[PDB]
Amino acid sequence: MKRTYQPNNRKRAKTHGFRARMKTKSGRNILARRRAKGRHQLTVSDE
Amino acid sequence: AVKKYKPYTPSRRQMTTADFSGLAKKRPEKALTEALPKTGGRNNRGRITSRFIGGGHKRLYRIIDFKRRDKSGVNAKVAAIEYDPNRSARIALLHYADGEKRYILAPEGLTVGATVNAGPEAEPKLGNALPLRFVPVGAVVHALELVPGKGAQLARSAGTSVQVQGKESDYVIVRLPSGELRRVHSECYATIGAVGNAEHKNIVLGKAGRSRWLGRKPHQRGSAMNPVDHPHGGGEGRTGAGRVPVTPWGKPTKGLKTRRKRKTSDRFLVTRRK
Amino acid sequence: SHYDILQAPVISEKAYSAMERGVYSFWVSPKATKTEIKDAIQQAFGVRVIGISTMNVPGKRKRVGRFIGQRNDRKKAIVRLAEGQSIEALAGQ
RNA sequence: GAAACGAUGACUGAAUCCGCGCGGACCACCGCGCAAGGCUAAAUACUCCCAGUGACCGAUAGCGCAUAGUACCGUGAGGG
RNA sequence: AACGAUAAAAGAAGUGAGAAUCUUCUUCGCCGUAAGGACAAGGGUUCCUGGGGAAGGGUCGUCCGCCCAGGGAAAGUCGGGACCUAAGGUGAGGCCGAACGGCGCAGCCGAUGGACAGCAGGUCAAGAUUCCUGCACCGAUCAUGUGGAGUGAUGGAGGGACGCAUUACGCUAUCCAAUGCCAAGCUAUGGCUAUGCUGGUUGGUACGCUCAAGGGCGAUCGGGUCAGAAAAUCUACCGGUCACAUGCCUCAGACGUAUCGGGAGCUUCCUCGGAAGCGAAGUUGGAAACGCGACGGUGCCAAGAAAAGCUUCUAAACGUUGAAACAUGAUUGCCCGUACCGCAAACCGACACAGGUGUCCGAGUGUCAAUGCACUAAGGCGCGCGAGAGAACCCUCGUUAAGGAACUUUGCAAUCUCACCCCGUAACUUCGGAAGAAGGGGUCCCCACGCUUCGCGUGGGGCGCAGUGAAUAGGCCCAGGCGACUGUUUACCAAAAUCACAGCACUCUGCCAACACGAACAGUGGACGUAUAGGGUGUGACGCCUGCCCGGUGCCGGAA
Ligand SMILES: [Mg+2]
Ligand SMILES: [Mg+2]
Ligand SMILES: [Mg+2]
Ligand SMILES: [Mg+2]
Ligand SMILES: [Mg+2]
Ligand SMILES: [Mg+2]
Ligand SMILES: [Mg+2]
Ligand SMILES: [Mg+2]
Ligand SMILES: [Mg+2]
Ligand SMILES: [Mg+2]
Ligand SMILES: [Mg+2]
Ligand SMILES: [Mg+2]
Ligand SMILES: [Mg+2]
Ligand SMILES: [Mg+2]
Ligand SMILES: [Mg+2]
Ligand SMILES: [Mg+2]
Ligand SMILES: [Mg+2]
Ligand SMILES: [Mg+2]
Ligand SMILES: [Mg+2]
Ligand SMILES: [Mg+2]
Ligand SMILES: [Mg+2]
Ligand SMILES: [Mg+2]
Ligand SMILES: [Mg+2]
Ligand SMILES: [Mg+2]
Ligand SMILES: [Mg+2]
Ligand SMILES: [Mg+2]
Ligand SMILES: [Mg+2]
Ligand SMILES: [Mg+2]
Ligand SMILES: [Mg+2]
Ligand SMILES: [Mg+2]
Ligand SMILES: [Mg+2]
Ligand SMILES: [Mg+2]
Ligand SMILES: [Mg+2]
Ligand SMILES: [Mg+2]
Ligand SMILES: [Mg+2]
Ligand SMILES: [Mg+2]
Ligand SMILES: [Mg+2]
Ligand SMILES: [Mg+2]
Ligand SMILES: [Mg+2]
Ligand SMILES: [Mg+2]
Ligand SMILES: [Mg+2]
Ligand SMILES: [Mg+2]
Ligand SMILES: [Mg+2]
Ligand SMILES: [Mg+2]
Ligand SMILES: [Mg+2]
Ligand SMILES: [Mg+2]
Ligand SMILES: [Mg+2]
Ligand SMILES: [Mg+2]
Ligand SMILES: [Mg+2]
């Protein structure tokens, strides 16, 4: 019928982004633990 | 007294409605009309602490100073008796002879425009701010504080009357509406009379909607739920209990005193609400 | 400075006829402002500028082999002078 | 457990030299000791990185990759 | 097997190496409250020009939303920011907490909202309240003037400021009629020769003693200190005083006049067809909004956000020979968003997928009306495999002799029935109802007559098998079980007898209330509620009612 993924720019960014991911400890942690895996895709800010 | 309804719709029989024919029709004073948002029962953690709260109709706060001692020693005159959706009672509009308007709670009878006072130097009339000691023995009153200046926290629902059993020490004995006898520091304030609305108690709600319109989301028998959900759950049929009646939290409902056993109030209650 | 900014001129059927009208059109520098561009061309062309417009444009992401890439994004700017004050250096094109 | 000693949470908070602490309950004896103040290189651990070697691999091996955390999947963490 | 809806295609012409599929032409078929148009969210160059044809395309492709290259997007007035606040998120000091951290007043962030200055036309292959033409508006700084003494905040008040339903008068959009006006040519196939046929028939701005329904509306003096910390030309109370009808005030809109547009077409050039010039009329009559006048009227209980801009007072403060206000000229105009797809082949569905996606506009005819049904207009398509065959069988549909539920687990399915009017209508009842019960009869075309019209009754005639002639369009009844009722429910095998409910009942709870979330004496819900309130539990409208057992368990109380 209708689907799981209905994009929302403001949602996307205010949810997964960088100011967001750094706002919390475990997101700092997500950050550097990504960086280590050599992500080009650091964060949905980087889309 | 109460409006009623011919049975044109199934639910438009038992339904009943207030008598607001004595309500000075008016959009409550601007500099007194704060904004109440609703709270699903969730608190600042977003979990439903209170349970079963939901929507209804947009409401606003009308500040009703209860400590009249901010303007006692002078009088005001009643200007209107408008309709507050947040109180079980009706409220009235004070025009203080010296400018300032206020809102106070409205008692039983008090006709629109009677000029009422405030101060220990006040006549036992309906609507007077009067300390509890200066109140006659056996007089009828409401709006009673648990300390001078705090705020009136007693007798506020429709047609309620705390009754001066009489003085004693500096703590005046008092008859709470619940059927309880309470000591009150005679420097406490009062507002003479029964609350009024009174008719309230009786209005038949009539249909689901009418519950919703006051924002009381549908209540739920745990006897519906399942084990996982709540105590009385499970079973194979419109099932009994199998344990003693009990809240979701398992702390018994039906005949279990719940007040905290040691307390500071325990030497101000001469009797029990029985 | 009063030059750096004007990263190029604009080349097309449009641009040409606008020129013919007395309206000149350049690529500029994304970060720039309209006050900045006015000051720019007014300085390095000794002209009375009374009309302006700008517009940031993306950049045709193109591939050259397995290398999907975006081009640099520009800021097309249009200016209209007063009293047929045509600019010399482009008047031959 | 016969539970010494240290160690602290709550109550108690002694002696300072003819004194204090321990010697696996506890006592005498007889021994080892100076609580309540601090710093301290050295040997030791690791290895993102640099170099040298190899009864280690040579394209399903070897890191995941002769390179790429890319293509691709995932709203995301993440997988790859 | 399948090539992704049974909306449908033909012939000619062209191009090419090659054509059922690409491009012209002439028809046909489908959508038309859409399958048209305009936005938003999302996508990201898919837009336009020229080219290409490996692969993507369910076939083919010379074609494309695919490949290449190049171009295209323009704002002081639209939308967002340079302003505001809601929920929410924050947040120095502050309150807490093994740590990371959790709270938290003011302040700040936060549009889905408040506020706010521009409209009409023209055009690129591709932009448009941006650019260009024509005539406006707003803020800002300076200058010549009218200056000629007050300006008026980080605080005051006013104002902003709001619900649903129903509805009166005026009006616009916008659509219909016509021997109104303008323009165009023609005679068809028996007639018509125009009184026929086709098309067009006012948009902006300015003024004007012209017309105008509707709508808002008081005023001034004085007192009280004690109301807004104080102030106070203000705001609020008290008092006095003022030609009730009103006038004061506004002008949606229309009429006039003017000016700028636009306008059917007509002309001229010419290159898979456009470039450019020109331009007539502008009527009476009727319908009519969910739009405007508007913050109108009335009724109702469930009782209807905040803040800035804004308007008024005063405080300091510098001025009171340059204080405001104003007219005019100059001058200035920041930041991003504007292409295109956007009910879909371009967004979400792995797909060029019978799904999903929020708001606006959505013409005409017939129809009691209507966003309903049939057919259409503008516009958009014929859904990217084709051709023939004309067996079984399968799907969707028509008709049906005699019979009419014999079927079967059961009338499952399918037919019946079908709109509007008029007659008429049961037990039972909570007097609302059942009820569209049932059951009848009418319905089209013409002429005359009346009536309030487009319209309708009446009377007589006419035709066909039949006249809501086509399409949209209830089968009905008798009697039980369960629930009272409207509602809710197992996303993707169960919609009910579930659940909720209004009602009643037991208890609990006197405020830092019980009760609930909680590192926790934090803070929060309960509640800015107060026993006619709040929690928990059970029954489940309404009506007559609700008995017998306190030994065990639980609970309340008691004390040797
Ligand atoms: Mg209940
Ligand atoms: Mg259950
Ligand atoms: Mg179960
Ligand atoms: Mg349990
Ligand atoms: Mg049970
Ligand atoms: Mg711009
Ligand atoms: Mg490309
Ligand atoms: Mg020890
Ligand atoms: Mg090999
Ligand atoms: Mg390998
Ligand atoms: Mg086949
Ligand atoms: Mg197809
Ligand atoms: Mg076919
Ligand atoms: Mg031809
Ligand atoms: Mg040829
Ligand atoms: Mg085809
Ligand atoms: Mg459309
Ligand atoms: Mg194209
Ligand atoms: Mg192919
Ligand atoms: Mg060719
Ligand atoms: Mg916080
Ligand atoms: Mg907004
Ligand atoms: Mg505006
Ligand atoms: Mg704006
Ligand atoms: Mg302009
Ligand atoms: Mg009307
Ligand atoms: Mg005619
Ligand atoms: Mg003829
Ligand atoms: Mg005509
Ligand atoms: Mg503010
Ligand atoms: Mg864009
Ligand atoms: Mg297709
Ligand atoms: Mg589709
Ligand atoms: Mg319409
Ligand atoms: Mg229509
Ligand atoms: Mg239709
Ligand atoms: Mg299309
Ligand atoms: Mg044959
Ligand atoms: Mg038959
Ligand atoms: Mg027959
Ligand atoms: Mg059936
Ligand atoms: Mg009857
Ligand atoms: Mg009938
Ligand atoms: Mg006949
Ligand atoms: Mg007949
Ligand atoms: Mg039917
Ligand atoms: Mg039911
Ligand atoms: Mg199901
Ligand atoms: Mg089902």
# chains A, B, ... in the order shown; residues from 1 in each chain; ligands from 1
>>> residues_near_ligand(ligand="ligand 19", cutoff="8 Å", atoms="only C-alpha atoms (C1' of nucleotides) and all ligand atoms", output="PyMOL selection string")
chain E and resi 57+59-61
>>> residues_near_ligand(ligand="ligand 24", cutoff="10 Å", atoms="only C-alpha atoms (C1' of nucleotides) and all ligand atoms", output="number ranges by chain")
E: 77-81, 115-116
>>> residues_near_ligand(ligand="ligand 8", cutoff="9 Å", atoms="only C-alpha atoms (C1' of nucleotides) and all ligand atoms", output="list in words")
residues 4, 5, 6 and 7 of chain D
>>> write_last_selection(atoms="C-alpha atoms (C1' of nucleotides)", output="PDB file, in the first residue's frame")
ATOM      1  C1'   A D   4      44.370 -12.284  61.606  1.00  0.00           C
ATOM      2  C1'   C D   5      45.439  -7.548  58.434  1.00  0.00           C
ATOM      3  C1'   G D   6      44.273  -4.124  55.072  1.00  0.00           C
ATOM      4  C1'   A D   7      40.168  -1.767  52.923  1.00  0.00           C
TER       5        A D   7
END
>>> residues_around(residues="stretch 27-35 of chain A", least_positions_apart="3", cutoff="10 Å", atoms="only C-alpha atoms (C1' of nucleotides)", output="list in words")
residues 16, 17, 18, 19, 20, 21, 22, 23, 24, 38, 39, 40, 41, 42 and 43 of chain A; 69, 77 and 78 of chain D
>>> write_last_selection(atoms="N, CA and C atoms (P, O5', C5', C4', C3', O3' and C1' of nucleotides)", output="PDB file, in the first residue's frame")
ATOM      1  N   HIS A  16      19.736  12.456  11.711  1.00  0.00           N
ATOM      2  CA  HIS A  16      20.926  11.657  11.488  1.00  0.00           C
ATOM      3  C   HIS A  16      22.206  12.486  11.280  1.00  0.00           C
ATOM      4  N   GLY A  17      22.045  13.801  11.152  1.00  0.00           N
ATOM      5  CA  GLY A  17      23.110  14.699  10.727  1.00  0.00           C
ATOM      6  C   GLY A  17      24.340  14.818  11.602  1.00  0.00           C
ATOM      7  N   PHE A  18      24.964  15.984  11.609  1.00  0.00           N
ATOM      8  CA  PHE A  18      26.251  16.095  12.284  1.00  0.00           C
ATOM      9  C   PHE A  18      26.164  16.884  13.583  1.00  0.00           C
ATOM     10  N   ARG A  19      25.420  17.990  13.577  1.00  0.00           N
ATOM     11  CA  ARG A  19      25.209  18.765  14.793  1.00  0.00           C
ATOM     12  C   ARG A  19      24.520  17.808  15.729  1.00  0.00           C
ATOM     13  N   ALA A  20      23.551  17.093  15.159  1.00  0.00           N
ATOM     14  CA  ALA A  20      22.827  16.021  15.834  1.00  0.00           C
ATOM     15  C   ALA A  20      23.740  14.892  16.365  1.00  0.00           C
ATOM     16  N   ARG A  21      24.529  14.276  15.490  1.00  0.00           N
ATOM     17  CA  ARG A  21      25.350  13.154  15.919  1.00  0.00           C
ATOM     18  C   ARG A  21      26.407  13.563  16.950  1.00  0.00           C
ATOM     19  N   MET A  22      26.777  14.835  16.973  1.00  0.00           N
ATOM     20  CA  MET A  22      27.792  15.296  17.919  1.00  0.00           C
ATOM     21  C   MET A  22      27.143  15.757  19.232  1.00  0.00           C
ATOM     22  N   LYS A  23      25.840  16.025  19.183  1.00  0.00           N
ATOM     23  CA  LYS A  23      25.111  16.489  20.360  1.00  0.00           C
ATOM     24  C   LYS A  23      25.134  15.473  21.506  1.00  0.00           C
ATOM     25  N   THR A  24      25.314  14.210  21.144  1.00  0.00           N
ATOM     26  CA  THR A  24      25.339  13.125  22.120  1.00  0.00           C
ATOM     27  C   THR A  24      26.694  12.420  22.182  1.00  0.00           C
ATOM     28  N   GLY A  38      37.058   4.255   7.605  1.00  0.00           N
ATOM     29  CA  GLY A  38      37.339   4.981   6.385  1.00  0.00           C
ATOM     30  C   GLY A  38      36.096   5.325   5.596  1.00  0.00           C
ATOM     31  N   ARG A  39      35.008   5.630   6.286  1.00  0.00           N
ATOM     32  CA  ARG A  39      33.807   6.082   5.605  1.00  0.00           C
ATOM     33  C   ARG A  39      34.076   7.352   4.816  1.00  0.00           C
ATOM     34  N   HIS A  40      33.665   7.338   3.558  1.00  0.00           N
ATOM     35  CA  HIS A  40      33.520   8.574   2.827  1.00  0.00           C
ATOM     36  C   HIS A  40      32.207   9.134   3.347  1.00  0.00           C
ATOM     37  N   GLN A  41      31.224   8.235   3.448  1.00  0.00           N
ATOM     38  CA  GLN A  41      29.907   8.530   4.020  1.00  0.00           C
ATOM     39  C   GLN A  41      30.039   8.651   5.528  1.00  0.00           C
ATOM     40  N   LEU A  42      30.367   9.846   5.997  1.00  0.00           N
ATOM     41  CA  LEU A  42      30.558  10.035   7.420  1.00  0.00           C
ATOM     42  C   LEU A  42      29.212  10.102   8.134  1.00  0.00           C
ATOM     43  N   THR A  43      28.204  10.613   7.440  1.00  0.00           N
ATOM     44  CA  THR A  43      27.034  11.183   8.089  1.00  0.00           C
ATOM     45  C   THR A  43      26.085  11.718   7.012  1.00  0.00           C
TER      46      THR A  43
ATOM     47  P     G D  69      38.764   4.263   0.168  1.00  0.00           P
ATOM     48  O5'   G D  69      37.845   4.284   1.461  1.00  0.00           O
ATOM     49  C5'   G D  69      37.602   3.072   2.182  1.00  0.00           C
ATOM     50  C4'   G D  69      36.253   2.473   1.848  1.00  0.00           C
ATOM     51  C3'   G D  69      35.072   3.116   2.577  1.00  0.00           C
ATOM     52  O3'   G D  69      33.887   2.984   1.786  1.00  0.00           O
ATOM     53  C1'   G D  69      35.193   0.864   3.180  1.00  0.00           C
ATOM     54  P     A D  77      24.666   5.331   9.965  1.00  0.00           P
ATOM     55  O5'   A D  77      25.222   4.417  11.144  1.00  0.00           O
ATOM     56  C5'   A D  77      25.407   4.942  12.451  1.00  0.00           C
ATOM     57  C4'   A D  77      25.143   3.896  13.504  1.00  0.00           C
ATOM     58  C3'   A D  77      25.916   2.595  13.364  1.00  0.00           C
ATOM     59  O3'   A D  77      27.202   2.671  13.937  1.00  0.00           O
ATOM     60  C1'   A D  77      23.628   2.153  13.844  1.00  0.00           C
ATOM     61  P     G D  78      28.500   2.812  13.021  1.00  0.00           P
ATOM     62  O5'   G D  78      28.394   1.562  12.049  1.00  0.00           O
ATOM     63  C5'   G D  78      28.566   0.252  12.554  1.00  0.00           C
ATOM     64  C4'   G D  78      27.453  -0.652  12.111  1.00  0.00           C
ATOM     65  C3'   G D  78      27.782  -1.562  10.960  1.00  0.00           C
ATOM     66  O3'   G D  78      28.555  -2.661  11.338  1.00  0.00           O
ATOM     67  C1'   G D  78      25.740  -0.551  10.520  1.00  0.00           C
TER      68        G D  78
END
>>> residues_near_ligand(ligand="ligand 48", cutoff="9 Å", atoms="only C-alpha atoms (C1' of nucleotides) and all ligand atoms", output="VMD selection string")
chain E and resid 490 to 494
>>> write_last_selection(atoms="C-alpha atoms (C1' of nucleotides)", output="PDB file, in the first residue's frame")
ATOM      1  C1'   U E 490      -6.395  -9.145  14.973  1.00  0.00           C
ATOM      2  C1'   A E 491      -1.253  -3.792   8.935  1.00  0.00           C
ATOM      3  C1'   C E 492      -1.048  -9.342   5.654  1.00  0.00           C
ATOM      4  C1'   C E 493      -6.707 -15.938   6.801  1.00  0.00           C
ATOM      5  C1'   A E 494     -11.261 -13.896  12.432  1.00  0.00           C
TER       6        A E 494
END
>>> residues_around(residues="stretch 37-46 of chain B", least_positions_apart="4", cutoff="12 Å", atoms="only C-alpha atoms (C1' of nucleotides)", output="PyMOL selection string")
(chain B and resi 50-61+86+214-217) or (chain E and resi 86-88+102-104+305-306+516-518+523-528)
>>> atom_distance(atom1="atom 1 (Mg, counted along the ligand's line) of ligand 3", atom2="atom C1' of residue E:501")
23.7 Å
>>> residues_near_ligand(ligand="ligand 7", cutoff="10 Å", atoms="only C-alpha atoms (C1' of nucleotides) and all ligand atoms", output="PyMOL selection string")
(chain C and resi 60-64+68) or (chain E and resi 45-46+66-69)
>>> residues_near_ligand(ligand="ligand 36", cutoff="12 Å", atoms="only C-alpha atoms (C1' of nucleotides) and all ligand atoms", output="MDAnalysis selection string")
chainID E and resid 31:34 370:375 471:472
>>> interface_residues(of="chain C", to="chain E", cutoff="12 Å", atoms="only C-alpha atoms (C1' of nucleotides)", output="ChimeraX atom specification")
/C:10-15,17-18,21,23,25,30-36,50-64,70,75-80
>>> closest_residue(among="B:66, B:249, B:134, B:8", to="ligand 4", atoms="only C-alpha atoms and all ligand atoms")
B:249
>>> residues_near_ligand(ligand="ligand 10", cutoff="10 Å", atoms="only C-alpha atoms (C1' of nucleotides) and all ligand atoms", output="number ranges by chain")
D: 59-66
>>> select_by_dssp(residues="chain A", states="helix (DSSP H, G or I)", output="PyMOL selection string")
chain A and resi 9-16+18-23+25-35
>>> residues_near_ligand(ligand="ligand 39", cutoff="12 Å", atoms="only C-alpha atoms (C1' of nucleotides) and all ligand atoms", output="list in words")
residues 399, 400, 401, 402, 403, 404 and 415 of chain E
>>> write_last_selection(atoms="N, CA, C and O atoms (P, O5', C5', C4', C3', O3' and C1' of nucleotides)", output="PDB file, in the first residue's frame")
ATOM      1  P     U E 399     -29.304 -10.211 -20.268  1.00  0.00           P
ATOM      2  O5'   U E 399     -30.315 -11.049 -21.168  1.00  0.00           O
ATOM      3  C5'   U E 399     -30.515 -10.736 -22.529  1.00  0.00           C
ATOM      4  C4'   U E 399     -30.801 -11.969 -23.340  1.00  0.00           C
ATOM      5  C3'   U E 399     -31.530 -13.105 -22.646  1.00  0.00           C
ATOM      6  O3'   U E 399     -32.913 -12.888 -22.423  1.00  0.00           O
ATOM      7  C1'   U E 399     -29.767 -13.987 -23.841  1.00  0.00           C
ATOM      8  P     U E 400     -33.567 -13.230 -20.981  1.00  0.00           P
ATOM      9  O5'   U E 400     -34.643 -14.364 -21.326  1.00  0.00           O
ATOM     10  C5'   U E 400     -34.819 -14.852 -22.643  1.00  0.00           C
ATOM     11  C4'   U E 400     -34.292 -16.263 -22.826  1.00  0.00           C
ATOM     12  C3'   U E 400     -34.829 -17.385 -21.957  1.00  0.00           C
ATOM     13  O3'   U E 400     -36.179 -17.736 -22.210  1.00  0.00           O
ATOM     14  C1'   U E 400     -32.549 -17.703 -22.499  1.00  0.00           C
ATOM     15  P     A E 401     -37.007 -18.682 -21.177  1.00  0.00           P
ATOM     16  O5'   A E 401     -37.555 -19.811 -22.145  1.00  0.00           O
ATOM     17  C5'   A E 401     -38.331 -19.488 -23.280  1.00  0.00           C
ATOM     18  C4'   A E 401     -38.972 -20.722 -23.836  1.00  0.00           C
ATOM     19  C3'   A E 401     -39.736 -21.551 -22.822  1.00  0.00           C
ATOM     20  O3'   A E 401     -41.076 -21.140 -22.683  1.00  0.00           O
ATOM     21  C1'   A E 401     -38.156 -22.917 -23.883  1.00  0.00           C
ATOM     22  P     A E 402     -41.564 -20.601 -21.270  1.00  0.00           P
ATOM     23  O5'   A E 402     -41.882 -21.965 -20.500  1.00  0.00           O
ATOM     24  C5'   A E 402     -42.656 -22.985 -21.132  1.00  0.00           C
ATOM     25  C4'   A E 402     -42.637 -24.283 -20.360  1.00  0.00           C
ATOM     26  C3'   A E 402     -42.485 -24.167 -18.856  1.00  0.00           C
ATOM     27  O3'   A E 402     -43.665 -23.776 -18.177  1.00  0.00           O
ATOM     28  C1'   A E 402     -40.959 -25.756 -19.620  1.00  0.00           C
ATOM     29  P     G E 403     -43.581 -22.618 -17.057  1.00  0.00           P
ATOM     30  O5'   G E 403     -42.946 -23.370 -15.801  1.00  0.00           O
ATOM     31  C5'   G E 403     -43.312 -24.705 -15.463  1.00  0.00           C
ATOM     32  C4'   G E 403     -42.330 -25.329 -14.498  1.00  0.00           C
ATOM     33  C3'   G E 403     -41.946 -24.483 -13.300  1.00  0.00           C
ATOM     34  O3'   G E 403     -42.915 -24.413 -12.291  1.00  0.00           O
ATOM     35  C1'   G E 403     -40.008 -25.451 -14.192  1.00  0.00           C
ATOM     36  P     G E 404     -43.007 -23.060 -11.425  1.00  0.00           P
ATOM     37  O5'   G E 404     -41.590 -22.996 -10.787  1.00  0.00           O
ATOM     38  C5'   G E 404     -41.236 -23.932  -9.799  1.00  0.00           C
ATOM     39  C4'   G E 404     -39.942 -23.567  -9.224  1.00  0.00           C
ATOM     40  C3'   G E 404     -39.997 -22.356  -8.296  1.00  0.00           C
ATOM     41  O3'   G E 404     -38.929 -22.469  -7.364  1.00  0.00           O
ATOM     42  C1'   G E 404     -38.672 -21.843 -10.170  1.00  0.00           C
ATOM     43  P     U E 415     -26.466  -9.293 -10.998  1.00  0.00           P
ATOM     44  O5'   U E 415     -27.961  -9.852 -11.182  1.00  0.00           O
ATOM     45  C5'   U E 415     -28.507 -10.005 -12.494  1.00  0.00           C
ATOM     46  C4'   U E 415     -29.967 -10.488 -12.524  1.00  0.00           C
ATOM     47  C3'   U E 415     -31.071  -9.546 -12.053  1.00  0.00           C
ATOM     48  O3'   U E 415     -31.336  -8.483 -12.952  1.00  0.00           O
ATOM     49  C1'   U E 415     -31.544 -11.761 -11.365  1.00  0.00           C
TER      50        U E 415
END
>>> residues_around(residues="stretch 86-90 of chain C", least_positions_apart="3", cutoff="8 Å", atoms="only C-alpha atoms (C1' of nucleotides)", output="list in words")
residues 22, 45, 81 and 93 of chain C
>>> residues_near_ligand(ligand="ligand 1", cutoff="12 Å", atoms="only C-alpha atoms (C1' of nucleotides) and all ligand atoms", output="list in words")
residues 52, 208, 211, 216, 217, 218, 219, 220, 221 and 222 of chain B; 500, 501, 502, 503, 504, 505, 536, 537, 538, 539 and 540 of chain E
